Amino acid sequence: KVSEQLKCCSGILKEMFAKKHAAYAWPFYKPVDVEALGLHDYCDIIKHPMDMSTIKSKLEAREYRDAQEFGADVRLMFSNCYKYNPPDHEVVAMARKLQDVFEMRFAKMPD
């Protein structure tokens, strides 16, 4: 049951990586490369960076005890984007499209 919700989480993350969503999901695939992007204030603003590849590693390492812990890291990834960037920034629009994909499926988690 907890195992079953974690399988749902693995399926959700797999969809977030699917080519269908790549046009807006790709900025979230990997840790933000603050040095390559020139984001010299990023570590002053974001205390706990998170990205889809790290979430994938933690799922395989069994670091999430249940779906709520998984969901928290996904929401942290999005919240980090909304916190760091101006609300009209293009990457915020991309976060919103990816968060729609996540939330709609996360809401179908089995009881």
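Rigid core (definition): largest C-alpha set, two forms, superposition within 1.5 Å. One rule holds for the numbers: they count along the sequence shown, beginning at 1.
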| query | finding |
| --- | --- |
| RMS Cα shift after core superposition in 7 other deposited structures of this protein, winner of 36 to 44 and 62 to 70 | 36 to 44 |
| Mean C-alpha B-factor comparison - 80 to 88 and 62 to 70, higher one | 62 to 70 |
| Entry-level comparison of average CA B-factors, 33 to 41 and 46 to 54, reporting the higher stretch | 33 to 41 |
| Third of the chain, ranked by Cα B-factor, where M109 sits | highest |
| Relative C-alpha B-factor of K97, binned into the chain's lowest, middle or highest third | lowest |
| Cα B factor band for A23 (lowest, middle or highest third within the chain) | highest |
